[PDB]
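*Asks:* Mind having a look at this structure? Questions to follow.
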Amino acid sequence: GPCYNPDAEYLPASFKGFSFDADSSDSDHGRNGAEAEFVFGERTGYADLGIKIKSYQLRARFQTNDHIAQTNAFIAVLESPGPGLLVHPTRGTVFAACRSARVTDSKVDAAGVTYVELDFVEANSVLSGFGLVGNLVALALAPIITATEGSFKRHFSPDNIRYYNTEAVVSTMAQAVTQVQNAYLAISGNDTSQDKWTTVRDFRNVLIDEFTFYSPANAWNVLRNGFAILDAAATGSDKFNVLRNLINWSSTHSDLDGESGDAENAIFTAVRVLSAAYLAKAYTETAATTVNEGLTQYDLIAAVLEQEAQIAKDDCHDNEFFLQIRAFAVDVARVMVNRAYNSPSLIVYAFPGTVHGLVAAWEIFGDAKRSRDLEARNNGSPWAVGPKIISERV
Amino acid sequence: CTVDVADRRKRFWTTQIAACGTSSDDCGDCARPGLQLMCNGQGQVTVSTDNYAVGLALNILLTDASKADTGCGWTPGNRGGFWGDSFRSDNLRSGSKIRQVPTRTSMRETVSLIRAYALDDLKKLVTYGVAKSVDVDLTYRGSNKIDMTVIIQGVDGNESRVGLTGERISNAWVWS
Amino acid sequence: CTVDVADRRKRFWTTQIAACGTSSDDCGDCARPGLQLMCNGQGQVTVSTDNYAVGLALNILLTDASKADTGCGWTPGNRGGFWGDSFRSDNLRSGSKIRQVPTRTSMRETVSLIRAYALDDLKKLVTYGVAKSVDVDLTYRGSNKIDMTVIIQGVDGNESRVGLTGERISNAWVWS
Amino acid sequence: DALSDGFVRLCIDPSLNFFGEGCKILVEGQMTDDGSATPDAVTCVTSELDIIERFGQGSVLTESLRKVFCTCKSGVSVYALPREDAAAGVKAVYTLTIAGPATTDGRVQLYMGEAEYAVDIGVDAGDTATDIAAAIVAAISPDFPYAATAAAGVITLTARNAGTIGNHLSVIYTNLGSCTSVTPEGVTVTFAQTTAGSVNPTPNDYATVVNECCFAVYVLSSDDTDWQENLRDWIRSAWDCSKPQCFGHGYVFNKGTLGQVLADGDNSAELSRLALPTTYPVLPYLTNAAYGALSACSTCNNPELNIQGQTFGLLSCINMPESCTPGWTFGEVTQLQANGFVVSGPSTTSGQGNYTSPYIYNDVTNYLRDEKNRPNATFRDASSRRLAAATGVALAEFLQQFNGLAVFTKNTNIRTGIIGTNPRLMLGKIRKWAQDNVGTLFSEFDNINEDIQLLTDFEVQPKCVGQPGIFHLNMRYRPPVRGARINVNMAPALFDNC
Amino acid sequence: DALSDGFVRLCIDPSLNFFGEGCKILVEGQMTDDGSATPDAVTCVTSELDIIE
């Protein structure tokens with residue numbers, strides 16, 4: 001332009017606090033990938049592998065009666081340990097580390113001026129260790145199961161309850177294990193491998209025995225292992241109805257009094273909390289078809305967990321299990337909410353008037369074969385979907 | 001046996017120039033192409049199947065291709081094209097984009113732009129294997145009038161020439 | 001069900017221009033932004049939640065950010081910023097630094113500096129995913145007076161356009 | 001603030017909406033007595049939440065406005081001109097008879113006006129006609145411009161505003177006489193139109209209400225051709241040569257059969273009629289307001305953008321169910337295209353039922369002949385009109401540098417040091433400005449040597465009649481041209497001769 | 001409208017000749033009784049619209 005003020009448009013350069021005047025400004029951006037050249041073929045491939053590390057190159061000048069002292073100070077600054085903040089005249093503030101600094105300084109040819117050729121590299125911080133990001137795509141069911149073990153073994157001792165109630169309590173325990181067994185037998189179905197053939201025999205050998213459930217250790221091991229085997233039998237939706245029935249079975253309360261009722265209620269609470277946890281893990285294993293659907297599933301599970309916490313807090317039964325349930329509830333909240341809102345980023349496209357499935361898919365994505373995807377979320381005849389169409393982000 | 005020399009391959013319906021008659025509008029006479037119905041001795045109408053290459057050229061010129069991605073966006077239903085392109089295997093699009101020229105002053109530049117677009121779109125005739133040297137002769141500037149004669153170079157159904165540089169079109173059975 | 005579409009996400013309170021009214025000081029009338037309390041039919045006041053993007057822009061412009069390291073240093077308590085930035089995961093700073101311009105002669109240069117600073121700060125509106133095309137038009141030199149008109153390009157809560165170069169930002173539910 | 005630290009001092013403007021206040025759109029229409037706004041006086045309208053209280057509930061204006069707000073959220077500032085209802089106006093009354101009784105459960109669905117007034121109720125078995133009418137009247141949205149009442153199975157719909165504007169609801173879209181999956185079996189509906197419209201207001205007072213209060217777009221929510229003629233006279237007198245101009249443009253409609261619509265037109269170059277058929281489902285002023293609002297709100301700083309096409313001319317706030325016949329037949333569509341009429345059609349082909357959205361073809365004005373009866377197409381495109389206004393203002397702001405400048409005619413030899421000029425140098429500078437705006441305001445040109453003329457008053461008036469300082473600038477331009485008229489000449493070639 | 005001052009006065013009018021009358025031609029012919037022009041009198045014609053009546 002004709003009225004372009006340079007020094008009112010270029011930023012005064014400085015590195016790591018020390019300011020200086022720059023004479024040039026470069027950059028080395030890029031995008032690195034592979035290049036496929038299949039033999040005997042008239043075709044070529046490419047694969048984007050990441051970001052090419054940025055590098056800046058400058059040229060500083062020193063033309064002053066004390067340029068020697070300025071250059072010495074600048075050398076002392078550039079050799080400081082660790083990367084620091086750089087003000088590139090045309091890219092603003094970055095974090096770079098000096099990599100080379102040639103200092104040209106002649107006498108019988110040009111005395112008075114000193115030039116420095118500088119070479120910086122984008123140096124981003126790190127996090128010592130293995131820079132291990134979190135895991136907020138998945139539930140960890142170990143802490144809640146340990147807390148359930150604690151709260152179960154605290155209130156269950158069929159050797160410390162009145163003699164006219166031990167048989168009743170133990171029969172209730174065996175009935176719970178029978179429920180878990182029926183759940184597994186209904187969820188496996190057409191599993192022919194001998195592993196079922198054994199697991200069934202193990203369930204029967206545990207149930208037929210008489211002195212197995214008179215010990216809290218054996219009872220808890222049987223319960224946890226039964227739930228784990230029921231988990232490992234199917235994936236996702238298949239384990240919904242089954243688990244929801246279990247939540248209903250253990251939604252009752254005990255009529256015995258004193259310690260006996262506390263033991264039976266410990267049984268029921270263990271079953272209900274383990275079922276809620278494993279139903280959360282089941283919900284997470286399958287993709288949300290609609291934001292309202294994922295949020296409704298989370299509402300169900302959070303309601304169950306809050307009900308259990310209120311039960312475990314009623315007259316200071318155990319404060320500790322209340323706190324544990326509260327923590328697991330906030331964890332299931334973060335995971336289920338992230339699943340409902342962000343697993344596929346569902347958006348509501350607004351079409352003018354209702355349209356076919358193929359046309360809608362092709363206009364949204366540019367790929368009509370994805371029409372099958374628009375049917376699981378939208379209700380409406382295949383030839384008239386809309387005029388508002390839920391789908392994934394692009 | 002010896003009868004063989006005649007391909008059992010047939011041709012489907014073909015769109016034709018002035019199939020539905022001209023349409024005067026005081027600016028001139030257009031063509032209004034469509035499908036030609038050929039009658040018989042005793043009722044029994046039938047769609048015509050002649051001029052295959054010109055049929056493809058009309059199918060190409062007179063159908064809008066996909067628009068280019070702008071920051072403004074397009075209405076979900078206005079972005080042109082055909083969903084049937086999601087299933088072809090030749091990795092191409094269907095239609096032309098002569099009606100998507102970014103109009104500008106100095107109509108010579110507009111003429112050059114329309115030439116480039118028409119030639120890029122009609123090259124699909126050669127790419128499909130129906131013609132060999134399609135070419136346009138768009139030449140005028142007027143006020144807005146423009147003449148765009150098109151030549152579709154074809155072959156015959158029997159290779160009568162030996163030692164050619166190229167390679168017989170793959171669909172020389174339409175007679176191009 | 002079919003009456004689904006309503007993002008169950010809500011909006012918290014928002015700071016608003018002139019919520020606490022203007023403050024005349026004989027040089028002009030400023031705005032004094034704060035929180036607007038909406039009354040009801042029967043008592044029961046409630047804080048308004050309109051104009052989210054302008055509220056974020058106010059929270060950005062009217063909050064001093066951490067100052068740069070100098071040789072003399074700063075008082076332990078004047079170095080700007082917010083301690084709450086030690087817990088966010090996006091690795092960014094909270095506030096603006098237009099009040100930290102190293103004032104100089106030739107107010108054209110201070111104009112350019114204030115432009116650079118305000119544009120650098122308000123780029124965080126696009127970075128957080130609340131706007132898409134923020135831009136300023138700071139144009140004056142006067143004696144010291146300056147206009148700084150700010151535009152915050154927004155979207156709607158339903159994608160009504162197809163084939164964009166960019167992407168629906170991240171938070172188009174605030175209506176931007 | 002004294003408590004601050006630095007020296008750069010921010011002073012936020014008291015209120016927002018700066019971006020607008022340059023695209024004022026005036027909506028004119030009738031109102032009921034519920035409103036508290038003074039009749040026959042323009043008033044600003046800020047937002048949507050306080051129009052029911054100010055312009056009456058369910059009125060024509062509190063329903064057009066609503067569409068002006070739906071169309072574009074921001075960009076313009078709307079001004080209402082509420083008009084009190086006529087003195088001897090009699091409201092139109094349709095009726096709707098429901099005959100039962102029901103035999104199976106189901107839903108009852110109706111579409112009156114537009115999609116925002118639709119109704120959907122539940123009907124069990126054994127419910128009688130009176131109960132169905134009661135539920136329907138209880139479920140009709142109160143903003144529908146028709147007070148609904150029930151009596152023994154007959155629903156009476158009375159227009160809220162008296163006049164002919166009540167005679168534009170005659171395509172009610174029920175769900176009662178078919179086999180949709182949800183249908184009370186044994187119920188039927190019958191439509192009537194018992195009474196009818198009556199006399200309309202004829203204001204003719206624009207000079208007093210808005211005189212130097214220059215607007216950009218005037219939307220008219222009525223169908224009385226005389227009121228449209230008064231509006232046209234206003235905008236025309238605003239495009240005058242005597243007084244300084246406040247260029248504007250008006251949006252009215254004309255509903256009827258083909259002959260009626262072609263008869264309702266004229267050479268009115270200041271209005272953009274919208275031809276609407278006899279069996280239009282939507283109330284006409286709603287879609288008229290949507291079109292006017294989009295036009296006023298999209299072409300603020302882009303005055304060349306043609307509002308037409310499925311993208312730039314889509315009215316998202318109008319939702320129709322499609323119809324077995326396509327309203328205007330194609331012959332009538334071309335007929336209206338020729339006679340300077342705007343035509344709106346459905347965008348997607350969705351099939352019968354199946355809600356859709358109308359869009360605009362040919363964003364053109366109602367101008368087809370010149371002043372001396374010479375067929376023209378200068379002011380046909382509604383964008384050409386906005387371009388003419390913008391070029392007028394741009395040339396007027398450019399020519400301000402000659403105000404008070406010294407001018408040297410009869411010697412054209414400005415001495416060394418004077419800050420004067422002469423007509424030839426001014427002509428050069430003006431002609432450079434003109435061919436500098438080629439592409440934004442003007443077309444290329446045809447012959448710029450005899451298109452731009454700058455004469456002095458001393459050589460236009462007769463001898464000893466001119467005055468010093470006065471000039472005469474004559475410019476002849478053409479707005480930027482778009483598109484072409486290619487003539488394809490396709491021809492195959494079986495022979496080959498390289 | 002920022003034109004108030006009174007320095008510049010617009011006259012936007014599409015019907016304005018700039019180059020004088022120019023090149024006067026005279027067309028002599030017979031007419032029917034439907035016309036509204038007085039026979040045997042030279043008149044001026046400006047467009048092809050009013051010629052019919």
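Following the order of the structure tokens, first chain is A, next is B, and so on, with residues numbered from 1 inside each chain and ligands from 1 in the order they appear.
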Give me the residues within 12 Å of residue C:140 as number ranges by chain, counting only C-alpha atoms and dropping any in the same chain fewer than 2 places off.
*Replies:* C: 107-112, 114-115, 137-138, 142-149
*Asks:* Can you pull out the residues contacting stretch 57-73 of chain B? Cut-off 10 Å, using only C-alpha atoms, and skip same-chain residues under 4 positions away; I want them as an mmCIF file with N, CA, C and O atoms, in the first residue's frame.
*Replies:*
data_model
loop_
_atom_site.group_PDB
_atom_site.id
_atom_site.type_symbol
_atom_site.label_atom_id
_atom_site.label_comp_id
_atom_site.auth_asym_id
_atom_site.auth_seq_id
_atom_site.Cartn_x
_atom_site.Cartn_y
_atom_site.Cartn_z
ATOM 1 N N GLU A 363 -27.498 -35.896 0.665
ATOM 2 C CA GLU A 363 -27.240 -34.471 0.808
ATOM 3 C C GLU A 363 -26.484 -34.169 2.088
ATOM 4 O O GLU A 363 -25.586 -33.324 2.091
ATOM 5 N N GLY A 366 -23.065 -36.860 1.531
ATOM 6 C CA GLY A 366 -22.443 -37.160 0.263
ATOM 7 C C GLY A 366 -22.254 -38.636 0.018
ATOM 8 O O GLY A 366 -21.414 -39.015 -0.801
ATOM 9 N N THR B 14 -33.621 -43.350 -25.500
ATOM 10 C CA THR B 14 -32.662 -42.264 -25.641
ATOM 11 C C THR B 14 -33.399 -40.941 -25.700
ATOM 12 O O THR B 14 -34.351 -40.796 -26.468
ATOM 13 N N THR B 15 -32.956 -39.982 -24.894
ATOM 14 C CA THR B 15 -33.496 -38.636 -24.977
ATOM 15 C C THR B 15 -33.080 -37.997 -26.294
ATOM 16 O O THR B 15 -31.986 -38.245 -26.802
ATOM 17 N N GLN B 16 -33.970 -37.196 -26.870
ATOM 18 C CA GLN B 16 -33.767 -36.680 -28.212
ATOM 19 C C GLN B 16 -34.081 -35.195 -28.276
ATOM 20 O O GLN B 16 -34.965 -34.702 -27.574
ATOM 21 N N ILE B 17 -33.348 -34.486 -29.137
ATOM 22 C CA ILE B 17 -33.598 -33.065 -29.332
ATOM 23 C C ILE B 17 -34.969 -32.870 -29.953
ATOM 24 O O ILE B 17 -35.388 -33.631 -30.834
ATOM 25 N N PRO B 33 -36.240 -30.966 -25.132
ATOM 26 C CA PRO B 33 -36.033 -32.379 -25.444
ATOM 27 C C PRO B 33 -36.801 -33.288 -24.502
ATOM 28 O O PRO B 33 -37.219 -32.896 -23.412
ATOM 29 N N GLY B 34 -36.984 -34.527 -24.948
ATOM 30 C CA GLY B 34 -37.683 -35.534 -24.173
ATOM 31 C C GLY B 34 -37.508 -36.915 -24.763
ATOM 32 O O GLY B 34 -36.439 -37.230 -25.285
ATOM 33 N N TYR B 52 -27.573 -42.328 -29.717
ATOM 34 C CA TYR B 52 -27.198 -42.605 -28.336
ATOM 35 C C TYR B 52 -26.240 -41.556 -27.792
ATOM 36 O O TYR B 52 -26.405 -41.086 -26.658
ATOM 37 N N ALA B 53 -25.228 -41.183 -28.575
ATOM 38 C CA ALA B 53 -24.235 -40.236 -28.082
ATOM 39 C C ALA B 53 -24.860 -38.879 -27.798
ATOM 40 O O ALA B 53 -24.596 -38.272 -26.755
ATOM 41 N N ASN B 78 -31.081 -28.205 -2.274
ATOM 42 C CA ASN B 78 -30.627 -27.418 -3.409
ATOM 43 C C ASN B 78 -29.256 -27.827 -3.907
ATOM 44 O O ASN B 78 -28.960 -27.626 -5.086
ATOM 45 N N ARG B 79 -28.407 -28.380 -3.042
ATOM 46 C CA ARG B 79 -27.125 -28.902 -3.495
ATOM 47 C C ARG B 79 -27.373 -29.946 -4.572
ATOM 48 O O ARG B 79 -27.950 -31.003 -4.300
ATOM 49 N N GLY B 80 -26.962 -29.650 -5.797
ATOM 50 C CA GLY B 80 -27.316 -30.479 -6.929
ATOM 51 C C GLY B 80 -26.712 -31.863 -6.901
ATOM 52 O O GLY B 80 -26.118 -32.275 -5.903
ATOM 53 N N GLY B 81 -26.864 -32.585 -7.990
ATOM 54 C CA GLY B 81 -26.292 -33.904 -8.130
ATOM 55 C C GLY B 81 -27.367 -34.968 -8.168
ATOM 56 O O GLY B 81 -28.566 -34.689 -8.225
ATOM 57 N N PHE B 82 -26.911 -36.214 -8.131
ATOM 58 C CA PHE B 82 -27.790 -37.371 -8.128
ATOM 59 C C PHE B 82 -27.295 -38.346 -7.078
ATOM 60 O O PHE B 82 -26.111 -38.693 -7.066
ATOM 61 N N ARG B 93 -18.761 -38.004 -11.073
ATOM 62 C CA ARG B 93 -20.022 -37.358 -10.757
ATOM 63 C C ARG B 93 -20.910 -37.362 -11.993
ATOM 64 O O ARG B 93 -20.470 -37.697 -13.092
ATOM 65 N N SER B 94 -22.172 -36.992 -11.806
ATOM 66 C CA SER B 94 -23.150 -36.992 -12.886
ATOM 67 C C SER B 94 -23.730 -35.598 -13.047
ATOM 68 O O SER B 94 -24.228 -35.015 -12.081
ATOM 69 N N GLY B 95 -23.673 -35.074 -14.257
ATOM 70 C CA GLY B 95 -24.218 -33.779 -14.584
ATOM 71 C C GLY B 95 -23.133 -32.838 -15.046
ATOM 72 O O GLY B 95 -21.963 -33.204 -15.173
ATOM 73 N N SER B 96 -23.532 -31.600 -15.292
ATOM 74 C CA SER B 96 -22.626 -30.543 -15.707
ATOM 75 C C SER B 96 -22.751 -29.358 -14.761
ATOM 76 O O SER B 96 -23.568 -29.351 -13.841
ATOM 77 N N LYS B 97 -21.924 -28.341 -14.992
ATOM 78 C CA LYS B 97 -21.951 -27.159 -14.145
ATOM 79 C C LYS B 97 -21.821 -25.877 -14.954
ATOM 80 O O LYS B 97 -21.247 -24.896 -14.475
ATOM 81 N N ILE B 98 -22.347 -25.860 -16.180
ATOM 82 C CA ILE B 98 -22.333 -24.636 -16.965
ATOM 83 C C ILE B 98 -23.180 -23.551 -16.325
ATOM 84 O O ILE B 98 -22.890 -22.363 -16.490
ATOM 85 N N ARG B 99 -24.217 -23.924 -15.589
ATOM 86 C CA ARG B 99 -25.099 -22.959 -14.956
ATOM 87 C C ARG B 99 -24.579 -22.496 -13.606
ATOM 88 O O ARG B 99 -25.298 -21.798 -12.886
ATOM 89 N N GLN B 100 -23.358 -22.879 -13.241
ATOM 90 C CA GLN B 100 -22.738 -22.471 -11.988
ATOM 91 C C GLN B 100 -21.513 -21.594 -12.213
ATOM 92 O O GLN B 100 -20.589 -21.591 -11.399
ATOM 93 N N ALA B 118 -17.853 -26.392 -20.114
ATOM 94 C CA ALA B 118 -18.507 -27.272 -21.071
ATOM 95 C C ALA B 118 -17.563 -28.361 -21.549
ATOM 96 O O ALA B 118 -17.967 -29.516 -21.703
ATOM 97 N N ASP B 121 -17.011 -30.949 -18.785
ATOM 98 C CA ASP B 121 -18.166 -31.812 -18.574
ATOM 99 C C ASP B 121 -18.362 -32.780 -19.731
ATOM 100 O O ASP B 121 -18.702 -33.946 -19.515
ATOM 101 N N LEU B 122 -18.162 -32.322 -20.968
ATOM 102 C CA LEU B 122 -18.349 -33.198 -22.116
ATOM 103 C C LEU B 122 -17.231 -34.217 -22.272
ATOM 104 O O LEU B 122 -17.418 -35.199 -22.991
ATOM 105 N N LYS B 123 -16.075 -34.010 -21.636
ATOM 106 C CA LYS B 123 -15.040 -35.039 -21.683
ATOM 107 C C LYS B 123 -15.510 -36.363 -21.092
ATOM 108 O O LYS B 123 -14.904 -37.408 -21.358
ATOM 109 N N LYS B 124 -16.576 -36.347 -20.291
ATOM 110 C CA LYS B 124 -17.114 -37.586 -19.754
ATOM 111 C C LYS B 124 -17.663 -38.488 -20.843
ATOM 112 O O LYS B 124 -17.808 -39.692 -20.616
ATOM 113 N N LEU B 125 -17.967 -37.943 -22.020
ATOM 114 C CA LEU B 125 -18.341 -38.793 -23.143
ATOM 115 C C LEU B 125 -17.179 -39.673 -23.563
ATOM 116 O O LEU B 125 -17.362 -40.860 -23.841
ATOM 117 N N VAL B 134 -14.782 -35.465 -28.720
ATOM 118 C CA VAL B 134 -15.769 -34.409 -28.523
ATOM 119 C C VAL B 134 -15.072 -33.068 -28.341
ATOM 120 O O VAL B 134 -14.034 -32.969 -27.675
ATOM 121 N N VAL B 150 -21.355 -28.103 -30.991
ATOM 122 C CA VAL B 150 -20.656 -29.230 -30.386
ATOM 123 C C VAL B 150 -20.516 -30.333 -31.424
ATOM 124 O O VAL B 150 -21.469 -30.641 -32.147
ATOM 125 N N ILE B 152 -19.453 -34.366 -31.898
ATOM 126 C CA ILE B 152 -19.301 -35.634 -31.196
ATOM 127 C C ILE B 152 -18.764 -36.625 -32.215
ATOM 128 O O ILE B 152 -19.510 -37.128 -33.060
ATOM 129 N N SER C 160 -29.583 -25.708 9.084
ATOM 130 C CA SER C 160 -30.436 -25.496 7.925
ATOM 131 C C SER C 160 -29.650 -25.299 6.640
ATOM 132 O O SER C 160 -30.242 -24.949 5.618
ATOM 133 N N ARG C 161 -28.338 -25.502 6.671
ATOM 134 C CA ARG C 161 -27.477 -25.334 5.510
ATOM 135 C C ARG C 161 -26.623 -26.578 5.329
ATOM 136 O O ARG C 161 -26.177 -27.180 6.306
ATOM 137 N N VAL C 162 -26.395 -26.959 4.077
ATOM 138 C CA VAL C 162 -25.644 -28.160 3.736
ATOM 139 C C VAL C 162 -24.455 -27.783 2.869
ATOM 140 O O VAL C 162 -24.555 -26.901 2.011
ATOM 141 N N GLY C 163 -23.329 -28.451 3.098
ATOM 142 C CA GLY C 163 -22.149 -28.236 2.291
ATOM 143 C C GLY C 163 -21.383 -27.003 2.702
ATOM 144 O O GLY C 163 -21.216 -26.074 1.912
ATOM 145 N N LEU C 164 -20.912 -26.985 3.940
ATOM 146 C CA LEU C 164 -20.129 -25.879 4.461
ATOM 147 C C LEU C 164 -18.646 -26.208 4.392
ATOM 148 O O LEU C 164 -18.246 -27.372 4.461
ATOM 149 N N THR C 165 -17.829 -25.167 4.250
ATOM 150 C CA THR C 165 -16.389 -25.360 4.335
ATOM 151 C C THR C 165 -15.972 -25.700 5.758
ATOM 152 O O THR C 165 -15.198 -26.638 5.978
ATOM 153 N N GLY C 166 -16.485 -24.960 6.736
ATOM 154 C CA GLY C 166 -16.169 -25.214 8.126
ATOM 155 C C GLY C 166 -17.029 -26.296 8.741
ATOM 156 O O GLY C 166 -17.389 -27.268 8.071
ATOM 157 N N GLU C 167 -17.356 -26.146 10.023
ATOM 158 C CA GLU C 167 -18.194 -27.097 10.739
ATOM 159 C C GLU C 167 -19.089 -26.334 11.699
ATOM 160 O O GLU C 167 -18.722 -25.253 12.165
ATOM 161 N N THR D 311 -32.053 -21.347 -2.066
ATOM 162 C CA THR D 311 -31.182 -20.931 -0.971
ATOM 163 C C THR D 311 -31.436 -19.489 -0.549
ATOM 164 O O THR D 311 -31.767 -19.224 0.608
ATOM 165 N N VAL D 488 -26.855 -23.689 -27.985
ATOM 166 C CA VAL D 488 -26.171 -24.928 -28.317
ATOM 167 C C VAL D 488 -26.611 -25.390 -29.698
ATOM 168 O O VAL D 488 -27.749 -25.165 -30.121
ATOM 169 N N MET D 490 -25.788 -28.755 -31.071
ATOM 170 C CA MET D 490 -25.180 -30.078 -30.991
ATOM 171 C C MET D 490 -25.400 -30.881 -32.265
ATOM 172 O O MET D 490 -26.493 -30.890 -32.831
#
*Asks:* Using only C-alpha atoms, which protein or nucleic acid residues come within 7 Å of residue B:154? Drop anything in the same chain fewer than 5 positions from it, and give the result as a ChimeraX atom specification.
*Replies:* /B:131-132,175-176 /D:493-494
*Asks:* Counting only C-alpha atoms, give me one row per residue of chain A with an atom at most 9 Å from an atom of chain B, showing the shortest contact pair and its distance in Å to one decimal, sorted by chain then residue number, as JSON lines.
*Replies:*
{"residue": "A:349", "atom": "CA", "partner": "B:76", "partner_atom": "CA", "distance": 8.5}
{"residue": "A:350", "atom": "CA", "partner": "B:76", "partner_atom": "CA", "distance": 7.7}
{"residue": "A:351", "atom": "CA", "partner": "B:76", "partner_atom": "CA", "distance": 5.6}
{"residue": "A:352", "atom": "CA", "partner": "B:76", "partner_atom": "CA", "distance": 7.1}
{"residue": "A:355", "atom": "CA", "partner": "B:77", "partner_atom": "CA", "distance": 8.6}
{"residue": "A:358", "atom": "CA", "partner": "B:83", "partner_atom": "CA", "distance": 6.9}
{"residue": "A:359", "atom": "CA", "partner": "B:83", "partner_atom": "CA", "distance": 6.1}
{"residue": "A:360", "atom": "CA", "partner": "B:76", "partner_atom": "CA", "distance": 7.8}
{"residue": "A:361", "atom": "CA", "partner": "B:83", "partner_atom": "CA", "distance": 8.6}
{"residue": "A:362", "atom": "CA", "partner": "B:83", "partner_atom": "CA", "distance": 5.6}
{"residue": "A:363", "atom": "CA", "partner": "B:76", "partner_atom": "CA", "distance": 6.4}
{"residue": "A:364", "atom": "CA", "partner": "B:76", "partner_atom": "CA", "distance": 7.4}
{"residue": "A:366", "atom": "CA", "partner": "B:86", "partner_atom": "CA", "distance": 7.7}
{"residue": "A:367", "atom": "CA", "partner": "B:86", "partner_atom": "CA", "distance": 5.6}
{"residue": "A:368", "atom": "CA", "partner": "B:86", "partner_atom": "CA", "distance": 5.6}
{"residue": "A:369", "atom": "CA", "partner": "B:86", "partner_atom": "CA", "distance": 6.8}
*Asks:* Using only N, CA and C atoms, please write the residues we just selected to a file, as a short mmCIF file (atom, residue, chain, number, x, y, z; two decimals), in the first residue's frame.
*Replies:*
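As a result, selection_10.cif now contains:
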data_model
loop_
_atom_site.label_atom_id
_atom_site.label_comp_id
_atom_site.auth_asym_id
_atom_site.auth_seq_id
_atom_site.Cartn_x
_atom_site.Cartn_y
_atom_site.Cartn_z
N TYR A 349 -30.76 -31.80 11.67
CA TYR A 349 -30.79 -31.06 10.42
C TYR A 349 -32.21 -30.64 10.10
N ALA A 350 -32.37 -29.44 9.58
CA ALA A 350 -33.67 -28.90 9.22
C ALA A 350 -33.77 -28.86 7.71
N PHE A 351 -34.55 -29.77 7.15
CA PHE A 351 -34.82 -29.90 5.73
C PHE A 351 -36.07 -29.13 5.36
N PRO A 352 -36.11 -28.46 4.22
CA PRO A 352 -37.37 -27.87 3.77
C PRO A 352 -38.30 -28.95 3.24
N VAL A 355 -38.54 -35.55 2.87
CA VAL A 355 -37.76 -36.01 1.73
C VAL A 355 -37.46 -37.49 1.92
N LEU A 358 -32.81 -41.85 0.99
CA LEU A 358 -31.61 -41.81 0.18
C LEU A 358 -31.20 -40.38 -0.14
N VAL A 359 -32.16 -39.52 -0.47
CA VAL A 359 -31.82 -38.14 -0.81
C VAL A 359 -31.28 -37.41 0.41
N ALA A 360 -31.91 -37.62 1.56
CA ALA A 360 -31.44 -36.98 2.79
C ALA A 360 -30.03 -37.44 3.13
N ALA A 361 -29.78 -38.74 3.06
CA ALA A 361 -28.45 -39.25 3.35
C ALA A 361 -27.42 -38.69 2.39
N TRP A 362 -27.75 -38.63 1.09
CA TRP A 362 -26.78 -38.16 0.12
C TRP A 362 -26.49 -36.68 0.30
N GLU A 363 -27.50 -35.90 0.67
CA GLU A 363 -27.24 -34.47 0.81
C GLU A 363 -26.48 -34.17 2.09
N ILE A 364 -26.80 -34.86 3.18
CA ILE A 364 -26.07 -34.64 4.41
C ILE A 364 -24.62 -35.09 4.26
N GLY A 366 -23.06 -36.86 1.53
CA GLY A 366 -22.44 -37.16 0.26
C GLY A 366 -22.25 -38.64 0.02
N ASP A 367 -23.01 -39.48 0.71
CA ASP A 367 -22.89 -40.93 0.57
C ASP A 367 -24.25 -41.54 0.88
N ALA A 368 -24.97 -41.97 -0.15
CA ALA A 368 -26.34 -42.44 0.04
C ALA A 368 -26.40 -43.81 0.70
N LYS A 369 -25.33 -44.59 0.64
CA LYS A 369 -25.33 -45.89 1.31
C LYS A 369 -25.50 -45.76 2.81
#
*Asks:* Taking only C-alpha atoms into account, find every residue of chain C that has an atom no more than 6 Å from chain D, and write it out as number ranges by chain.
*Replies:* C: 18, 30-31, 99
*Asks:* Just the residues within 12 Å of residue E:32, please, counting only C-alpha atoms, with nothing from its chain fewer than 4 positions along; format it as an MDAnalysis selection string.
*Replies:* chainID E and resid 36:39 51:53
*Asks:* Got a sec to pull out which chain D residues are within 9 Å of chain A, counting only C-alpha atoms, and send them as a PyMOL selection string?
*Replies:* chain D and resi 314+316+319-321+346-351+354-358
